[PDB]
């Protein structure tokens, strides 16, 4: 009963996003976990802990607590959902460490389990995340095939991940210079983003637009970064500005390319500063 209180309190503080309090409460719940019964109430506990750690990008701690929950959840065949989610945490942490090959292995396992258990949304989530790793690994053909499979499911369900999947799909096709097919996913995603009031992807589509689908309207890229930066989305600013910087480097536009490397530096500094 005592562990339960500290446990619930941790989830409670995480809800109001008091991260220090949550982990603080979890730290004692874990001590009073000495008197724990079922292997899966522990697993439930470890999962939550890995999650708050994943939120604070404490990559080492998150992946530790995730694996401990995972190694238990795998057995109990009634807990496929929990198993898949644990694997997402592991793979998300691996993504944060730029271990995209290892993260792909995780997500591939997730897809198998999501399949043999017919969890439709987890199937699309695996496909999407697989496609994202592939994009990072620059295997764009496979990235696209996994992304449309995700798209088929999300379009039916109208889940929020629809926008992000269309965005990633658009970008992947643009990187292969498949500008005509990309423009189709661009208009479709840009529309879904606008009508869902997804201001974040609206700004992100504007970056693709300035990059690929206007006549070189670079101010669109700029204004979109202004929007993102104003929203304190510095990870997005850091990652996207590097992609933009790389692209201009490949074109031989060194001045523009430098401007965006500089911006990524600043965004990184803002992340360390909190």
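Residue numbers count along the first chain shown, from 1.
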query: Higher mean Cα B-factor in the deposited model: 140-148 or 111-119?
result: 111-119
query: Can you tell me which stretch has the higher mean Cα B-factor, 251-259 or 13-21?
result: 13-21
- prompt: Whose C-alpha has the highest temperature factor in the PDB entry: 103, 89, 184, 80?
  reply: 80
message: Per the entry's Cα B factor values, which of 209, 38, 243, 236 stands out as the maximum?
response: 38
statement: Of the three thirds of Cα B-factor ranks in this chain, residue 220 occupies the middle
message: Please place residue 130 in the lowest, middle or highest third of its chain according to the CA B-factor in the PDB entry.
response: lowest
- prompt: Which third of the chain does residue 177 land in by C-alpha B-factor: lowest, middle or highest?
  reply: middle
Residue 161, C-alpha B-factor rank within chain (lowest, middle or highest third): middle
message: Sorting by Cα B-factor within the chain, modelled residues only, which third would residue 33 end up in: lowest, middle or highest?
response: highest
